[PDB]
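>>> The amino acid sequence is not available; the structure is as follows:
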Ligand SMILES: [Ca+2]
Ligand SMILES: [Ca+2]
Ligand SMILES: [Ca+2]
Ligand SMILES: [Zn+2]
Ligand SMILES: [Zn+2]
């Protein structure tokens, strides 16, 4: 595992999230599930908790965008960059943007939302790119057909617990 410079991390244990908009690619409740599922992955191995907001600014703002959206890093059309997120902090920090020029799916027939979400939210919680090929933080998005087999790798667990520790009890 690897962490950002000056090891940015949330100084609080309870974080809020907000799904700013929805993609035409999927039913709305499939986006919610993917996100809440992605949150569970991290929540389970740390004392971190999450709650949802539908107004105001949440710690982690989630949205779907195309090309040039609200920042200095415009998306790039089909394929390649799938999504991007900011390390812990105020404002756009912790925020996660997803490229809609991809076909987001609940399965592996295009770009699986849950898988990329899990990855991006890694970045939101302070994790950088791992060198371990079997890790979720590894920069390689494979069309991991076997979602049925997915398991957070010990490397990812090590890295997130380095910042927030194991669950309370
Ligand atoms: Ca934020
Ligand atoms: Ca792209
Ligand atoms: Ca699309
Ligand atoms: Zn962006
Ligand atoms: Zn990444």
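Received it, and whenever you're ready, just let me know what you need. Numbering: from 1, shown residues only. Ligands and ions are numbered 1, 2, ... in the order given.

>>> what's the neighbour count on residue 68?
10 (other C-beta atoms under 10 Å). For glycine as for every other residue, the C-beta is placed from the backbone atoms N, C-alpha and C.

>>> my read: it touches residue 74, true?
Yes. Assessed by C-beta atoms under 8 Å, residue 68 is found in contact with residue 74 at 3.9 Å.

>>> mind checking how far residue 16 is from ligand 3?
Residue 16 is 27 Å from ligand 3, where distance means C-beta to the ion, to the nearest Å.

>>> can you pull the contacts of the residue nearest to that residue when sequence neighbours are not counted?
Nearest non-adjacent residue to residue 16, counting by C-beta to C-beta, 6 or more residues apart in numbering: residue 58, 4.1 Å away. If a contact means C-beta atoms under 8 Å, 6 or more residues apart in numbering, then residue 58 has 16, 17, 18, 52 as its contacts.

>>> Assign a three-state SS to the first one, would you?
When states are read from DSSP: H, G, I helix; E, B strand; the rest coil, the local structure at residue 16 comes out as strand.

>>> how near is it to residue 29?
Counting by C-beta to C-beta, to the nearest Å, the gap from residue 16 to residue 29 is 20 Å.
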